[PDB]
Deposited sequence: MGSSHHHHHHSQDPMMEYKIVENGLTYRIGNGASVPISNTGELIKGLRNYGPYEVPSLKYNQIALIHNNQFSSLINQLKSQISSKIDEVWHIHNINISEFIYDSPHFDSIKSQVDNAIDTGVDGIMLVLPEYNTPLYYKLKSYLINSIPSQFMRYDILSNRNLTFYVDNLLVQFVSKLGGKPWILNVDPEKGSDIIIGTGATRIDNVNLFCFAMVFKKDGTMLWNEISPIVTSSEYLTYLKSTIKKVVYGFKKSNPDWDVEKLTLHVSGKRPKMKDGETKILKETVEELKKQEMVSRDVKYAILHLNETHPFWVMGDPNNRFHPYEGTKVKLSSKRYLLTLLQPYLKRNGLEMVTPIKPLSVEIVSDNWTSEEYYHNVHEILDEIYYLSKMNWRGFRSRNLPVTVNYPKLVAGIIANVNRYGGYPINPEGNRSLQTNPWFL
């Protein structure tokens, strides 16, 4: 069956959180982050809290024993007033001391405060936020376990990758599309993935109106491929897949036309192979159902329309995923072989999730853009610091949205 590759050449089965954590303890993550200061800051508001003391102690021991990040110092900073300027002051003090990342405890679920601060941190340094009011002894082990998966990832580590056949699937997968943040405004995104689930590069457009969609969809995709290719100049792309997703303008024929043009221009510029084999797929979550056997089940609805019956992580809930081939340059002879590889690849990618230990059972090429969209929409709604990925190698190559 499918397995995750972790450190020292080890692999562990999927769908088993306990064996994955024990694997990390024994062998380390697939890639330990390389840190510059060996220092992280814990910023909080309860200098004498027993729960804060337990949290810091668990963070310290699991970073060392689970993630094999050794000899990290955790420095503490306390803010007085639970308001933006007071907290930002401590964030700035921490940044001025030399830290690799900031772990920031906020009092409660104050949404405008959260997004103003989170937008500031994303623009400054890797960060992991936490809620003081939600901490609890009962949940602290699970809380810290999962929190560190995404924090290590935000520091540039690679917790685990998918073990996949190097001879099958795509050389890169581009998750692309757009997300409306209200009835008029939207932003485009383009993320490059390796078939083992790792994100290589990501770009987002500025917020624009729907009438600007096709223009920025092409330029955003070209920017992400230029960035991938500049930093991976020998990565040959002979087989390419686009996974298109998001709530976006109804324009299907014209979107597909522009996506083909974009690939054709990338071929002309030698960004992918001049004889790249590619397909453009629409991925859509469809209405769940319950069976009254489907792990990795592929359903053919027509030559171009498929359903992947993804299990939800009496009745067995199913969270189906619709997969439409809207364009491809495949031969009739290789078509159904290629169909099986791209559907398998989608199923494998649905096992990749660096938000925490449990799989989301949704392809990372769809899921990570939804995370980005949540942040971009709310930062705009609550007037935070705009997030500018281009020209920021840290934002382009790290999963800051987890």
Inset, instruction - Walk along the deposited sequence from position 1 and note every stretch that has no C-alpha coordinates. - result: 1-23, 316-323, 345-352
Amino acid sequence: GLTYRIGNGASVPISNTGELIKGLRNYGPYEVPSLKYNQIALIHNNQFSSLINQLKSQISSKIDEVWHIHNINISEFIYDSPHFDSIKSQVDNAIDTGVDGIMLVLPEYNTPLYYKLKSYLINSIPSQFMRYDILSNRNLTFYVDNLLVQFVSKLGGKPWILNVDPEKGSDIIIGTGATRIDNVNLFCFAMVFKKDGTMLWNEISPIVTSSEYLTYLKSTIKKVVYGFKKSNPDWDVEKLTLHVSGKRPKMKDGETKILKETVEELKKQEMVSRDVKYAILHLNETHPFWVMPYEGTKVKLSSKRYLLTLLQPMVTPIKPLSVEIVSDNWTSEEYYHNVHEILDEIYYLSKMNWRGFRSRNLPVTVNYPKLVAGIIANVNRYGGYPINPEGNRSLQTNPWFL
From here on, numbers count along this sequence of modelled residues.
Inset, instruction - Between 152-160 and 134-142, name whichever shows the higher mean Cα B factor according to the PDB entry. - result: 134-142
Legend entry - Stretch with the greater mean C-alpha B-factor as recorded in the entry, comparing 197-205 against 69-77: 69-77
Legend entry - Highest-ranked of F129, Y115, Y306, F187 once sorted by CA temperature factor in the record: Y115
Inset, instruction - Pick out which of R248, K252, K277, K223 has the highest C-alpha B-factor in the PDB entry. - result: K252
Legend entry - Position of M191 among the chain's modelled residues by C-alpha B-factor, lowest, middle or highest third: lowest
Inset, instruction - Would you mind checking where the Cα B-factor of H337 ranks among the modelled residues of its chain, as the lowest, middle or highest third? - result: highest
Inset, instruction - Comparing against every modelled residue in the chain, figure out the third that the C-alpha B-factor of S119 lands in (lowest, middle or highest). - result: middle
Inset, instruction - Taking the values exactly as deposited, rank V379 by C-alpha B-factor within its chain and report the matching third: lowest, middle or highest. - result: highest
Inset, instruction - Divide the modelled residues of the chain into thirds by Cα B-factor and specify which third, lowest, middle or highest, holds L55. - result: highest
